[PDB]
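Letter by letter, the chains look like this.
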Amino acid sequence: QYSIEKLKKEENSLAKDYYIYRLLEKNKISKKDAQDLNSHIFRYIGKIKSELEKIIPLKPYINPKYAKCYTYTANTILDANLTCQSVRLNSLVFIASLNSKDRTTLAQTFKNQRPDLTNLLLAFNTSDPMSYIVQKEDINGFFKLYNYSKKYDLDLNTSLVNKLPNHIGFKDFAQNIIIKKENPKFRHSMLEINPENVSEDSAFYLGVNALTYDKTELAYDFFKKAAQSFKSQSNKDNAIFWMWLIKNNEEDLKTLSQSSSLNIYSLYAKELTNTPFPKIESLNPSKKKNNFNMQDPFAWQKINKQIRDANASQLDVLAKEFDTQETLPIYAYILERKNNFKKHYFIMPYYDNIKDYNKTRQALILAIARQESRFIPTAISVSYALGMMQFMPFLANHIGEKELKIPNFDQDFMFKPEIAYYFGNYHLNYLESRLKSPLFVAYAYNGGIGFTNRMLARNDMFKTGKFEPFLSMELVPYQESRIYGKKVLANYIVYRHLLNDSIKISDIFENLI
Ligand SMILES: CC(=O)N[C@H]1[C@H](OC[C@H]2CCC(=O)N2)O[C@H](CO)[C@@H](O)[C@@H]1O
Ligand SMILES: CC(=O)N[C@H]1[C@H](OC[C@H]2CCC(=O)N2)O[C@H](CO)[C@@H](O)[C@@H]1O
């Protein structure tokens, strides 16, 4: 427990944020203590911001140069000077609120200097502003209208759709409409995007899009462009896997099987080609401990910052300092940076707490902890999930107080490895009993069993099909859970291998359908 006075002495960090949030939620921050407090908050977002704003609303913040502009309304905007008129017309809701005669007037006013404003004003004088903006091929207007309302939907011709990728909004547009299976005319139109005009994630999602319309040759061309342009080897491998699945070129599979990235795709390719399992590093420090406190959340925030700012030389000093059994998770974390992310570290710390579970359970626990925290006992997420297994306070308290009735339980007990692994086992029993597959369990661990149940109830998810279950894995509608599932599944395969309880990843894939 930390008073606001003592917290204010600590460096700004997620740990300090968490402990400030704990005071706010227990009503221990007075209006007077609240006055300076946002200079003490490292990430002023979500619940900490809503809680603080209940004590001290934000009057902030309109830019003082344009103050006067915000004194007009739709009824008086024709009395405003030209700068004021153009500032207020940045808002499409403001434009929508205008009467049509004033939209006509303002459109004429702005036609020479701001034809973008003209196009939007006249668009809103029609019953379908999107159709007007599309006829003009006003790309900036298109994205403004999309951000205003996701309900507009229209066919887009080859020329227009090939202009969209140059706008910063394209990537989120494409991803959202493909994954959410919305805006079907937009989605169908995006089949005519030239792969030459897209790259990376956008190219990849356009591949996925093409597969949903069974346009396999277009899909291949998008995935090939993605494989060529993606920065990360793990993403390139995902793209190459699709190239292989669609066109069956055995050079694509061979390239995938020789990847330096360990991921589900490279593991699968290795299995299909009878390639040996990738080499896993063995870390076995003989030193037992050092002076570092693995149970101090503030100390972790500080050493993490140091490690991530350390030059090649400082990483070697830190490596030596943390080369002990007690600080093994910090050691592996340092080595991962020091070796430029080329070696595979799959540690098993605090193993005494799980050695009596069966090996398949051990592997799933380890797989989850590796992705959740990298085994850092005092890990804290941006949403204040806690410890090695990244329990949200709600769940920690439900399990620790309601279910297990641990005397004097506090959510900070999640920072103790014994508790993290015990609670993790407890919750994984609940999930696995309902879902079975380690991939589904992973999705429910990160995203909730409600989300997972709803996804699996759909007719179009994890059912039989030409490109299943891989296609479904690309369409998991929450990006954090989609990524999380792929990573945890790879880790699970590795840990099962390391525990002498190997499973073929092909058997996992068969059990998904
Ligand atoms: C400490 C923390 O923020 N962990 C989050 C993790 O972060 C991934 C990387 C970066 C930091 C780390 O330990 N692993 O991503 C998971 C989703 O994939 C989340 O559920 C976890 O809460
Ligand atoms: C381990 C845990 O607390 N999981 C919960 C998750 O926590 C969000 C982040 C933290 C770490 C992670 O993997 N997901 O939030 C879901 C949505 O509210 C809940 O349904 C889950 O039970």
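What counts as what
- Residues numbered from 1 in each chain as written, not as in the entry; some residues may be left out.
- Chains lettered and ligands numbered in written order.
- Heavy atoms only, no water.
- Helix = DSSP H or I, 4+ residues; strand = E, 2+ residues; numbered from the N terminus.
- Polar contact = N/O pair within 3.5 Å; in protein donor to acceptor, adjacent residues only side chain to side chain.
- Contact = heavy atoms within 4.5 Å.
- Near = heavy atom within 4 Å.
- Areas by Shrake-Rupley, 256 points an atom, 1.4 Å probe, with all protein chains shown as cover.
- Nonpolar A, V, L, I, M, F, W, Y, C, P; charged D, E, K, R; others polar.

For this entry, the PDB record names X-ray crystallography as the structure determination method and reports a resolution of 1.8300 Å.

Novice: How do you make sense of the side chain of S13 when you look at a structure like this?
Specialist: For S13, the position within the fold is in the loop between α1 (4-8) and α2 (14-25). Polar side-chain contacts of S13 include one of 3.1 Å to the backbone nitrogen of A15. A distance of 3.2 Å separates a polar side-chain atom of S13 from the backbone nitrogen of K16. Beyond its immediate chain neighbours, meaning those up to four positions away, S13 contacts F42 and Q301.

Novice: Teacher, can you tell me more about the site of ligand 2 here?
Specialist: Every residue near ligand 2 is listed here: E372, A385, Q390, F391, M392, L395, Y445, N446, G447 and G448. In this structure, an oxygen atom belonging to ligand 2 sits 2.3 Å away from a side-chain N or O atom of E372. Interatomic distance of 3.0 Å between a backbone N/O atom of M392 and an oxygen atom of ligand 2. Protein contacts shield 71% of the accessible area of ligand 2, which totals 480 Å² for the unbound molecule. Broken down by element, the residue count for the shell around ligand 2 peaks at three residues, all from helix α25 (residues 438-447). Looking at the shell around ligand 2 residue by residue, the class counts come to five nonpolar, four polar and one charged.

Novice: Can you help me understand the site of ligand 1 in this one?
Specialist: Near ligand 1 the following residues occur: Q371, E372, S373, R374, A379, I380, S381, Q390, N446, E480 and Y484. Within the side chain of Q390, one N or O atom sits 2.7 Å away from an oxygen atom of ligand 1. Separating an oxygen atom of ligand 1 from a side-chain N or O atom of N446 is a distance of 3.4 Å. Against a free-state accessible area of 470 Å², the protein chains account for coverage of 67% of ligand 1. Breaking the shell around ligand 1 down by element, the ones donating at least two residues are α22 (359-373) and α28 (479-498). Looking at the shell around ligand 1, the element that brings in the most residues is α22, giving three residues. Looking at the shell around ligand 1, its residues break down into three nonpolar, five polar and three charged.

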